[PDB]
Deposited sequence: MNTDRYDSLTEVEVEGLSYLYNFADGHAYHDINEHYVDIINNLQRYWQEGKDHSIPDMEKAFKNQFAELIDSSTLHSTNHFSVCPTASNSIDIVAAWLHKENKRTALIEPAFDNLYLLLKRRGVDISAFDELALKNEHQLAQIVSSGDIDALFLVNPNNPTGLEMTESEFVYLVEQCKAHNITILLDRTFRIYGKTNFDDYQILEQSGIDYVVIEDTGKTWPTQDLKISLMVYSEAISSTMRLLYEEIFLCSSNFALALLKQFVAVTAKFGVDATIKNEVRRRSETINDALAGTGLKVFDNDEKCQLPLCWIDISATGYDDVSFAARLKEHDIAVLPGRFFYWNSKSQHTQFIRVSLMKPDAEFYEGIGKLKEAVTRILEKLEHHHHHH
């Protein structure tokens, strides 16, 4: 396999697809009114300018995450996909000649995009964010000028606490390190502190990437906030305009309501409760199988599964599941710098269509049982 995405595109043709983690579950009772009134959000995007709709969505999201710093900043761009933002950040890191340490494990495409754009990439252990001594040696090594992170991390669910985030920013400022912050799974995290305030008050250069595609199920009609410090804003804007003039005001109006509704009824009611129900299903299905579900860490709409006791490796166990019409992700690609040293893991995404998920999970337990 070339990439996780190739396994994902392969999984799009299977009856029970648990490969890609995109948000594709059914619209819950709370969001039904948004789809029932799609015309109002079509008309809202038509009646508001492109600059105004961009701030309307940004400040709506800033109210959701309770960050005044994000609400007051205007150094940002709106991309149709979060990968589009990682790519522009990749071009900026290469243009400014920044030796970037990339978190490991991470979704393979971040590494692939960083390499395609010609960035000097270094492997960076994810658990250094929770070990002060480990982070200090890498930051003081002088082999890197930028630090690319995913918080909370995919697929380990590792999440920095406020004291661990403040320690990381202060160390990067001391060594003039630029922080790249992939916050794709931010809403699933258990922490609740203003990371934008800690970033701007430090004065360091940073880029924070947001994303709706792993949270609200809008059929891959997504919006991705790209927020950056003032000192790098004009060059970031330049690189963004080489590709995009804007994103769609219609998409901005639709997702602005999804965020506003999540804020009104709360994240658990609209997001976290159904994720926890789907997490309990796979746990109860895979109890007593030799498959150990990774747990310590926040709960992502993904399930990291140790299959060491199964005797198979990640790829062949996934090949066995594919013969029973079940597509899963082999986990070695997430450890992009040490793939052969991590073959004891598969990943099962959760935010799939409801009927296909619960039936697919049942078929997964029957498939696991037959392979014994």
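Engineer: Counting from residue 1 of the deposited sequence, where are the gaps with no C-alpha coordinates?
Structural biologist: Sequence ranges with no C-alpha atoms are 1-5, 302-303, 380-389.
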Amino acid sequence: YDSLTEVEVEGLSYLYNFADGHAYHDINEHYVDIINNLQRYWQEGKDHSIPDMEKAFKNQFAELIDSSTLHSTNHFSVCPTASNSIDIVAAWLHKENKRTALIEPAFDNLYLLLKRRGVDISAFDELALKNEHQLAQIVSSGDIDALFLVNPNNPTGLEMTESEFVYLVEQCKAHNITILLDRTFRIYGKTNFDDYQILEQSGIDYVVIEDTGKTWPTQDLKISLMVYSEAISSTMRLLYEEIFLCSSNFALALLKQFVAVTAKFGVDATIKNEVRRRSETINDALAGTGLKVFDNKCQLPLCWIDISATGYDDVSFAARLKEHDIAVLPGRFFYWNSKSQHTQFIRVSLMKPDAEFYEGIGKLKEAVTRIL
From here on, numbers count along this sequence of modelled residues.
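Engineer: Given the B-factors recorded for C-alpha atoms, which segment has the greater mean, 107-115 or 273-281?
Structural biologist: Averaged over C-alpha atoms, the B-factors run higher in 273-281.
Engineer: Mean Cα B factor from the PDB record: higher for 212-220, or higher for 258-266?
Structural biologist: 258-266 has the higher mean C-alpha B-factor.
Engineer: Whose C-alpha has the highest temperature factor in the PDB entry: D87, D194, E241, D182?
Structural biologist: So the option with the highest C-alpha B-factor is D194.
Engineer: Maximum C-alpha temperature factor per the entry, among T289, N151, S247, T100, belongs to which one?
Structural biologist: Checking the PDB record, the top C-alpha B-factor among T289, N151, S247, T100 is at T289.
Engineer: Divide the modelled residues of the chain into thirds by Cα B-factor and specify which third, lowest, middle or highest, holds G21.
Structural biologist: Tercile = lowest for this residue's CA B-factor.
Engineer: Place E6 in the lowest, middle or highest third of its chain's C-alpha B-factors, as listed in the PDB entry.
Structural biologist: For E6, whose C-alpha B-factor we compare with every modelled residue in the chain, the answer is the lowest third.
Engineer: Per the entry's values, where does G331 land by CA temperature factor relative to the rest of its chain, in the lowest, middle or highest third?
Structural biologist: Answer is lowest: the recorded C-alpha B-factor places it there.
Engineer: Sorting the chain's CA B-factors, does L350 end up in the lowest, middle or highest third?
Structural biologist: As the PDB entry reports it, the C-alpha B-factor of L350 lands in the middle third of its chain.
Engineer: How does the C-alpha B factor of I204 compare with the rest of the chain: lowest, middle or highest third?
Structural biologist: Answer is highest: the recorded C-alpha B-factor places it there.
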